[PDB]
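Colleague: The structure under discussion is supplied below as structure tokens; questions concerning it will follow.
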Amino acid sequence: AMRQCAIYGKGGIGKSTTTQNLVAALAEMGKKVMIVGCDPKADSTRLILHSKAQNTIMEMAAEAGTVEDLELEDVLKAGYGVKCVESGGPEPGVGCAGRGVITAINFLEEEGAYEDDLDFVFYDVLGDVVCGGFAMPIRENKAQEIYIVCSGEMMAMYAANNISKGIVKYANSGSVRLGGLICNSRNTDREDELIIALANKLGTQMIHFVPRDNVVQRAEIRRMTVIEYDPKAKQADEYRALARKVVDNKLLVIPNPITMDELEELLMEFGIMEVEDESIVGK
Amino acid sequence: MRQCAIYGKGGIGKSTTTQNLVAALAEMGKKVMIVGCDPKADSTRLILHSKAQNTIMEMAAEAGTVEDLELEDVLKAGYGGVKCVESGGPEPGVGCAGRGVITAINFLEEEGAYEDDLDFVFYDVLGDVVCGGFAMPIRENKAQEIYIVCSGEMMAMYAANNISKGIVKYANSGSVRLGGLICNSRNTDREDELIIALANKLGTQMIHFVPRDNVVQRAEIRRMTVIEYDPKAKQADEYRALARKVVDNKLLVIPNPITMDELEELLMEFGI
Amino acid sequence: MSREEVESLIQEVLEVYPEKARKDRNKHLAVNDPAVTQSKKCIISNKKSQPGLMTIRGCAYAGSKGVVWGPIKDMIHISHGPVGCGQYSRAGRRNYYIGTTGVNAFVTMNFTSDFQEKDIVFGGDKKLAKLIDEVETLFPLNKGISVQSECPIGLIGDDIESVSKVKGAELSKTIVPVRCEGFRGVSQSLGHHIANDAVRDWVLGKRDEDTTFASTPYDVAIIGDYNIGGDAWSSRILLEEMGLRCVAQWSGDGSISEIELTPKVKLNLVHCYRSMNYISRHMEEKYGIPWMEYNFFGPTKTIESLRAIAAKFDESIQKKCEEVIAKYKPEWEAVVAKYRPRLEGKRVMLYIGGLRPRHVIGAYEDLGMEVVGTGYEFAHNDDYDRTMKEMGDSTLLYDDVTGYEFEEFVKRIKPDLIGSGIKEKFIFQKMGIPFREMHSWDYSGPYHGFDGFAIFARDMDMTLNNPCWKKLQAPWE
Amino acid sequence: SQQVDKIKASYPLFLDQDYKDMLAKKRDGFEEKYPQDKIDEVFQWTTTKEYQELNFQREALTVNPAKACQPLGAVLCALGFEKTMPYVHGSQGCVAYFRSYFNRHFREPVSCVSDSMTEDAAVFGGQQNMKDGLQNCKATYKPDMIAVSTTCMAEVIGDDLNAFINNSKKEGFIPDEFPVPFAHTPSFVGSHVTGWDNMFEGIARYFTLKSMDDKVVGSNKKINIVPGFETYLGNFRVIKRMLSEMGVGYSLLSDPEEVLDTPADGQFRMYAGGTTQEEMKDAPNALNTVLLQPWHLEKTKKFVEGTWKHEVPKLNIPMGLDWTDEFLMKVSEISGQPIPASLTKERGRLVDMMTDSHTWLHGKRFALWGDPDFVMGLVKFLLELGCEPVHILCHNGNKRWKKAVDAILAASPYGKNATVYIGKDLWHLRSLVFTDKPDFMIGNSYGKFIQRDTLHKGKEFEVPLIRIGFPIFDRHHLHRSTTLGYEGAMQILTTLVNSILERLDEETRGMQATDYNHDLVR
Amino acid sequence: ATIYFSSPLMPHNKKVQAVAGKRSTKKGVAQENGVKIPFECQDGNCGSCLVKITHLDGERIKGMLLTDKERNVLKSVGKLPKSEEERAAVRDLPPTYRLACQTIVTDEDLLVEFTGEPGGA
Amino acid sequence: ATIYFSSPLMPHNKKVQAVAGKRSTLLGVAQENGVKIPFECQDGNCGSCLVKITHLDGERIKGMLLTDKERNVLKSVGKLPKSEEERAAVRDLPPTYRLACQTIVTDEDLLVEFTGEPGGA
Ligand SMILES: Nc1ncnc2c1ncn2[C@@H]1O[C@H](COP(=O)(O)OP(=O)(O)O)[C@@H](O)[C@H]1O
Ligand SMILES: Nc1ncnc2c1ncn2[C@@H]1O[C@H](COP(=O)(O)OP(=O)(O)O)[C@@H](O)[C@H]1O
Ligand code: ICS
Ligand code: CLF
Ligand code: SF4
Ligand code: SF4
Ligand code: FES
Ligand code: FES
Ligand SMILES: [Fe+3]
Ligand SMILES: [Mg+2]
Ligand SMILES: [Mg+2]
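In order, the protein sequences belong to chains F, L, H, I, N and G.
Under the deposited numbering, the letters of the first sequence match residues 2 to 81, 83 to 285, in that order.
Counted from 1, the second sequence has number 156 at position 154 by the deposited numbering; the numbering is strictly sequential.
Counted from 1, the third sequence has number 256 at position 253 by the deposited numbering; the numbering is strictly sequential.
Counted from 1, the fourth sequence has number 480 at position 479 by the deposited numbering; the numbering is strictly sequential.
Counted from 1, the fifth sequence has number 16 at position 15 by the deposited numbering; the numbering is strictly sequential.
Counted from 1, the sixth sequence has number 37 at position 36 by the deposited numbering; the numbering is strictly sequential.
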């Protein structure tokens, strides 16, 4: 009755907004969803709780002394009918930045937030680099279905390739699978077909393509999801379609990572980068 | 409320300089609090006119534990409305000598003696060794401003350097800064600019130069502080100017330690 | 109501104490505010008693030998040390059991080392070994031995753990040493923890590699019910009629096999938090067995607890719970109809250390009685967190109340009834206030469940409304 | 299931069919109980002679003892002085158990305090505990005197009360002139009677050791009486009545009957009666001092003879006929007052009651236990009634006491079968009454579990119990009775003969089976 | 009871077997085995004997009593956080930092770390 | 061999009994007892199984071989001072920081601490 899902991608493309809007759309269907923000930025529950920032598990453990004394109520905050928690992160420069994730999920599993009283559990995970903590939900079989947010940018599809490499590495010991690719518009002409070709190369699909709408900033200025701000807007319709196809998603495949030259030629194929030649290297 | 601490080696006029500072500040209508972080029970004798203020550790020992201690018996008010706290240490050889400072600061915070519309709190801390409860105000970010009392002697400059190193160690964990270098004279040639040179070498600014005279001792016999013993004294006005420079001080910097050979050369090329 | 004059009353009562005693005792007397969830800002508990003020608390030996280990029937409990400690605690607690005493059950018995001066001086461990050998010789049908240490055992310096290990390996029988010395702990509260630790370390993990027990998905375990006057049986019959099967009882009428089989249980039913929360938490961490608190005092609390327990199982258990509630409705309804008019609107003060005062308040309110003051000698801060909601506004709360304080509070408040132990029973019976022995149920009971509610109501009516209370003053006075 | 008109307590509610089925299910499922055949076989084994030999080969394990620890007797002694607070330097559990024990026996409030010594006092001693406890007790409960005894904790760690009390007095915790007598009462030495003796000796030494210059024997022309560990109010009352009837000036020392029998009139008297400090100061002016229970009053006897210069008479406890006569004659000789006609009439009435009931008492076999002096007096009285003691038990007896009881038995033709046991417990007595069945047992309530055991073997093997001693828990207001003097002998005779008659009536109640002996007149 | 003493002054960690519950404290155990823990008082008011206790058998943690004197001394050297004080008050569980002269050996495996300096740095 | 696993991720340290010298390494012992040390490779080059091992019985320290693969991984992680390398090379004594996948259990009492992160912060 519980579908454990994670959203990965390079920082700065819209993982948090897409995740929050997907949860908002799911809550309309009567589903009960829970959000875990495994990103050190700690802003993945902003648009749901209407607050300036949710207090992180690490912050509470530091102010209280240890994680064993922490309660669920001050850690789990219920807004829009869905539960929200934030992993946080350590001080930049010491430890491993993903350690907070390891502190969070573990704590949750010992407190009972992981009991199947919920239809959907989602992990907004930073996927700019795949190391301990940020690959722990893949290594410890804590995320069945992974969705990668990607734009028509070289770095975004590099991050998608790296996350798929991690998935295929941990494909033989667990049921962690790639459920599809989500594209957020960067005002690029050929980006839709570009990530279509990328997903075809990787052996996966687009779940959906999200248009760049200026109403998302108007929704965030109220610390609000776009679904609640205009229930009748077309961006809300796109988010609802993305949610319904996430629910109806049944293609869970082990991806086929491509090389750097393949990514370079895929960028070449759609005009984002010009044609390289060997005779024009020295001038 | 501004939290300031006075450090330096023992015997350099630290206590009486702090007492004159706080009495001068109280002359202007400000209200100040004194916490004596020196094991010697003499940090508050010149503003209360007493043989020796009973320390927090002594009362805690006599009253069983510190939980039975009351704020009224430890907080005594003196001339100018000053609040006086005295933190005695344990007997020699019995544990850390800095337990008194930790106990007293914790007790003062627990009983809420800081928020009572105070403006200045002064911690008179021993600076011979920076460790235990003596480095505790720097460790816990209790005193935001720190002033070191030194003279043109090797021990005093080394103590100032050690306190500067202690400030550097805990610089990143809180807003603990070295405001300046208070200079006390022992009637020796070429001392003022020696201390100005030390302060410029380790990044701070000299606050004020205090000359040695006999009026402070005549006031000391009467258990009296200089300013309200005789307000028209030249040294009384010098203490007033020192207080004015302290209150209107806005330079807060992180010092840089100087090596042993650097201090030796600085002492040598100035004629001593 | 009327919090101002109860505050001033606290101030007047605290006037005779010396400064230090007054300062400490001021923290343990409070005025109840039901809108408070953290009692630590209102009352302070689990602190040492002031010397020489006639406290009611006991020792850890009483809280371990006399409370947790004592009700276990087929084991032999050796009071290691002088005779008196086991003598005064023999058969003083009405933990009921079924067994042949002296053959296979040894609850009312008193096994003691009976230390002399030569034992105080020269060791004492070899005496313990010889005692174990004699116990095995004369009592072959016992299923275990516990050694509850008294005060001198730790003081002189003794290793009862090595003796326990050696003799258990030699005789192939479990020996549990319990360092329940009287000086350890400020009250009986630490005795519960020590006994729970002993069970966890020497008994609970015995049947870990065994899987010969056929467990059903309705298995439960009663933990924290010590069968005073048959309380545990009255709770057990209700639990069994609901469709649940109970394999363990902790520890009233309990056995070694029930303790060993408890880890094979789907739900832990904890009645007394204070004495068994440690073992419940350990079994939740290790074996993953969930646990909850239930209350069987009065009809309302019994129905609430039955529904809450049924909510943790399938629909058939809920239907069975509805069946038993419908079956037992007319009984307690008739008891209420008969006894509430005689007891309506009468005020009661309570002082029982541990879980009972918060629990009994619902049963009292069921008969129209109001609790005006309450307190526990050994309860911790979580207990006071739990009881503030139950008690009425501006009512009196005390912790480790002394004899003088309790007497002055009773004289000022003038309640209609006081429920407390034997040590204060005759004191308040002299002053003409009806008294009930809450710890022993005044040699009556049981009080748990619907069957116990009738006895509860009858007892309170017979004591509060007795004519003897109207003849205290001579006609010529 | 309960009927609102006939509400059942535990018995017989737990005899219903549903409860029986529930208990049977519990036992058969999750108890691993031994088969009933095995249980019956082991029970029958426990009643054999070989099991008795194994039981008497015990040296380390004691089962069901018949004695308590010293501070209980110390508190009982301390309770007998005017406005005196018993104080126990040690842990609080000791005081809680003492108070519960005495409340359950006397059904009266018992006041005692402890310094609540803990692990901190276990490591560093209990000087501060003593100071704070003395100050708090004096400030709160306002006693004229504080009587200090020790807990085994304080005895093992070597806490000396003299230095602690002097330090408390000289540091201002209590006034220097406040009387704080003390005694050392280790729980591993002797029993409660030894604690009573130790505490009384401590109080007497506190009040008289330093004022022996102006004391002349016989100045106040009174006789001191020391009762010892006594839990019968009637025993104090009868001694007072007999001494006042003779016109003999006396001074009862440590009599708690007043505080232990306060009336219920809407007020709580925490202090009542008791011997005043003046009578303790004037004690060595008496003509002589009489010890009512000399076998547990030896140390106070040494103190009285050595210091007070009193020729303490060699008297037994005034139980029975001969010993009461000897006590009366010795008191008359010491005080010079003749025995009046009222006491002669009372003795004649006792002899009349002895002759009236001699038929039913002759040849009856008794197994008794209790305290040394009480047991000796009871055995003597049983010998004067023609009864036959068989098993005499004293868990706190010594070799000298056993020799004295053997000498007493040898001087009567009814003591041939009698054997004396010292250091034995109630399990030994159960074995003795199983293998050598007497007619009745005589002791405290702890013997009731023996009777049940015998009833399990059979109705004809049952040995009924007679409750005379300390403590009696299952009966009400039996502490108001008397055991000393002619009155106590009368009550004991009535109890014995009526128990025998009630047993005979019970045995012959079956119609057409044994009712032919159900006589109306006995 | 097994106790492992550790210190930068000690070249090797030392394993000792101790009898639990003795009136003599961990200081007695340390002194019998020649473990140089600074003991500079006889009333337990200094902080010289401060040690860090780690329970190696986490399942076998025994409930204890934190004495008021020990609590005050631990707070005086700043080695008792509020959370651990509340834990000792409510759950009767020991804190991480203890005093050797006030620590009663329990029946478990313990690791006692000390740095050779008195409590309070 | 008695091994005490400790970690801030674990609520309680666990005491386990292990057979010394097994072909299965400390990683086998950790896996069979449910201790979650992050293992992220099968050729012993990732370094994610870095643990800190303390020999509780200093007398019973057993000499071992520090293989070149372990040495290179520890240097790539940074948990290998030159002094410990010299000690391991000359006196055949194990370093403070080890790799669980490449550590063979010896017949002694060990304390194994891990933070849950891969080796190298
Ligand atoms: N669907 C969208 N259309 C337009 N802008 C978007 C959309 N989603 C996100 N953004 C913009 O991207 C910015 C940062 O995205 P964010 O979600 O913080 O990145 P991350 O995925 O790292 O959390 C936001 O300020 C937001 O305005
Ligand atoms: N401005 C001054 N002029 C003359 N003597 C001074 C001056 N300041 C301090 N002294 C002397 O130096 C000594 C320093 O002692 P005090 O200031 O009481 O404590 P500390 O030894 O901590 O400085 C005093 O006894 C005082 O006589
Ligand atoms: S165990 Fe406790 S003092 Fe919970 S030591 Fe005490 S048979 Fe009381 S209020 Mo006697 S915590 Fe039980 C108790 Fe309550 S002995 Fe009984 S009645 S429910
Ligand atoms: S607090 Fe608890 S009950 Fe008290 S002694 Fe200590 S373990 Fe025991 Fe028994 S024997 Fe008598 S009453 Fe004590 S003084 Fe020595
Ligand atoms: S594993 Fe990744 S996130 Fe963690 S410290 Fe290393 S690089 Fe940073
Ligand atoms: S830290 Fe400083 S004050 Fe404390 S004991 Fe060491 S030298 Fe003394
Ligand atoms: S030696 Fe001073 S506190 Fe232990
Ligand atoms: S598992 Fe990767 S180095 Fe050990
Ligand atoms: Fe009575
Ligand atoms: Mg984000
Ligand atoms: Mg000074």
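Note that CB positions come from ideal geometry on N, CA and C, so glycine has one too.
#1: So for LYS170 (chain H), helix, strand or coil by DSSP?
#2: Identify whether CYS324 (chain H) lies in helix, strand or coil by the three-state DSSP scheme.
#3: I need the straight-line Cα distance from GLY81 (chain I) to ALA33 (chain H), nearest angstrom please.
#4: At 9 Å on the CB atoms, spell out the chain N contacts of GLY114 (chain F), in chain order.
#5: What is the rounded straight-line gap between the Cα of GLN432 (chain H) and the Cα of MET352 (chain H)?
#6: Kindly indicate the opening and closing residues of the beta strand (DSSP E) around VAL20 (chain N).
#7: For ligand 10, enumerate in chain order all residues having a CB closer than 7 Å to any of its heavy atoms.
#8: Starting from the N-terminal side, write out each stretch of the beta strand (DSSP E) that is 3 residues or longer and does not extend beyond the stretch 170-253 of chain H.
#9: Residues of chain H with CB closer than 8 Å to the CB of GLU109 (chain I), please, in chain order.
#10: Helix, strand or coil for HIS285 (chain H)? Go by DSSP, reduced to three states.
#11: Quick check on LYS236 (chain F): buried or exposed, where buried means 16 or more other Cβ atoms within 10 Å of its Cβ?
#12: Using CA coordinates, which residue listed in L:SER153, L:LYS85, L:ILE169 is at the minimum distance from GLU74 (chain L)?
#13: Which residues does DSSP pair with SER152 (chain H) in a beta bridge?
#14: Tell me the rounded alpha-carbon separation between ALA460 (chain H) and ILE240 (chain H).
#15: Give every residue whose Cβ lies closer than 7 Å to any heavy atom of ligand 8, listed in chain order.
#16: What does DSSP give as the partner residue(s) for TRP402 (chain I) in the beta ladder?
#17: Note down the Cα distance separating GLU259 (chain I) from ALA408 (chain I), rounded to an integer number of angstroms.
#18: Just to check, is the beta-carbon of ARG214 (chain F) closer than 7 Å to a non-hydrogen atom of ligand 1?
#19: According to DSSP, what are the bridge partners of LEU112 (chain G)?
#20: The stretch 61-86 of chain I: which residues have C-beta closer than 7 Å to a C-beta of chain H, in chain order?
#21: Relative to chain G, which residues along the stretch 49-71 of chain F have a C-beta separation below 9 Å, given in chain order?
#22: So what does DSSP say about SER166 (chain L), is it helix, strand or coil?
#23: Hey, does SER77 (chain N) have any beta-carbon neighbour from chain F nearer than 8 Å?
#24: Let me know the secondary structure DSSP gives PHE109 (chain L) once reduced to three states.
#25: If contact means a Cβ-Cβ distance below 8 Å, which residues of the stretch 11-32 of chain N contact chain H?
#26: Under 8 Å between C-beta atoms, does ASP110 (chain N) make it to chain I?
#27: For a test of your reading of the model: does the CB of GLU222 (chain F) fall under 7 Å from any non-hydrogen atom of ligand 1? Yes or no.
Modeller: Well, looking at it:
#1: As a first step, residue 170 (chain H) is located in the third sequence; it is residue number 167 there, counting from the start. Helix.
#2: Here residue 324 (chain H) refers to the residue found at position 321 when the third sequence is read from its first residue. Reduced to three states, the DSSP call for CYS324 (chain H) is helix.
#3: Indexing the fourth sequence from 1 puts residue 81 (chain I) at position 80. Indexing the third sequence from 1 puts residue 33 (chain H) at position 30. Cα-Cα distance, rounded: 38 Å.
#4: As a first step, residue 114 (chain F) must be located in the first sequence, where it is residue number 112. Here the premise fails: no neighbours, minimum Cβ distance about 20 Å.
#5: Here residue 432 (chain H) is taken as the residue at index 429 of the third sequence, counted from 1. Here residue 352 (chain H) is taken as the residue at index 349 of the third sequence, counted from 1. Rounded to whole angstroms, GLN432 (chain H) and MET352 (chain H) show a C-alpha spacing of 14 Å.
#6: As a first step, residue 20 (chain N) is located in the fifth sequence; it is residue number 19 there, counting from the start. Run containing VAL20 (chain N): none; DSSP gives neither H nor E here.
#7: F:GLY12, F:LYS16, F:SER17, F:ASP40, F:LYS42, F:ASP44, F:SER45, F:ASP126
#8: 178-181, 222-228
#9: Your numbering for residue 109 (chain I) matches position 108 in the fourth sequence. Chain H residues near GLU109 (chain I): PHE429.
#10: Your numbering for residue 285 (chain H) matches position 282 in the third sequence. Here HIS285 (chain H) sits in helix by DSSP.
#11: Position 234 of the first sequence, counting from 1, holds the residue named residue 236 (chain F). Flag for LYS236 (chain F) reads exposed.
#12: Residue mapping note: residue 74 (chain L) aligns to position 72 of the second sequence, counting from 1. It is L:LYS85 whose Cα lies nearest to the Cα of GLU74 (chain L).
#13: Residue numbering aside, residue 152 (chain H) sits at position 149 when the third sequence is read from its first letter. The bridge partners DSSP lists for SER152 (chain H) are H:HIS83.
#14: Here residue 460 (chain H) is taken as the residue at index 457 of the third sequence, counted from 1. Here residue 240 (chain H) is taken as the residue at index 237 of the third sequence, counted from 1. Each residue's Cα considered, the two are about 20 Å apart.
#15: G:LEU28, G:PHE40, G:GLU41, G:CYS42, G:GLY45, G:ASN46, G:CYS47, G:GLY48, G:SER49, G:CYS50, G:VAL74, G:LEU100, G:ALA101, G:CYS102, G:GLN103
#16: One-based indexing of the fourth sequence puts residue 402 (chain I) at position 401. BP columns for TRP402 (chain I) are empty, so no partner.
#17: The residue given as residue 259 (chain I) occupies position 258 in the fourth sequence. The residue given as residue 408 (chain I) occupies position 407 in the fourth sequence. For the pair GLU259 (chain I) and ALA408 (chain I), the Cα-to-Cα distance works out to about 38 Å.
#18: The sequence position of residue 214 (chain F) within the first sequence is 212, counting from 1. Correct: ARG214 (chain F) has its Cβ closer than 7 Å to ligand 1.
#19: By 1-based counting over the sixth sequence, the position of residue 112 (chain G) is 111. DSSP lists G:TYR5, G:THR55 as partners of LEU112 (chain G).
#20: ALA61, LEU62, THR63, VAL64, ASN65, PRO66, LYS68, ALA69, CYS70, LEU73
#21: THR67, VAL68, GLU69
#22: By one-based count along the second sequence, residue 166 (chain L) stands at place 164. DSSP, reduced to helix, strand and coil, places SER166 (chain L) within a helical segment of the structure shown.
#23: Along the fifth sequence, read from residue 1 onward, the residue named residue 77 (chain N) stands at position 76. Not one chain F Cβ lies under 8 Å of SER77 (chain N).
#24: Sequence index remark: in the second sequence, residue 109 (chain L) carries index 107 (1-based). The answer is helix: DSSP assigns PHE109 (chain L) an H, G or I state.
#25: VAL20, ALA21, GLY22, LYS23, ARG24, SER25
#26: Locating residue 110 (chain N) in the fifth sequence gives position 109, counting from the first residue. Closer than 8 Å: no.
#27: Here residue 222 (chain F) refers to the residue found at position 220 of the first sequence. Answer for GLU222 (chain F): yes, Cβ within range of ligand 1.
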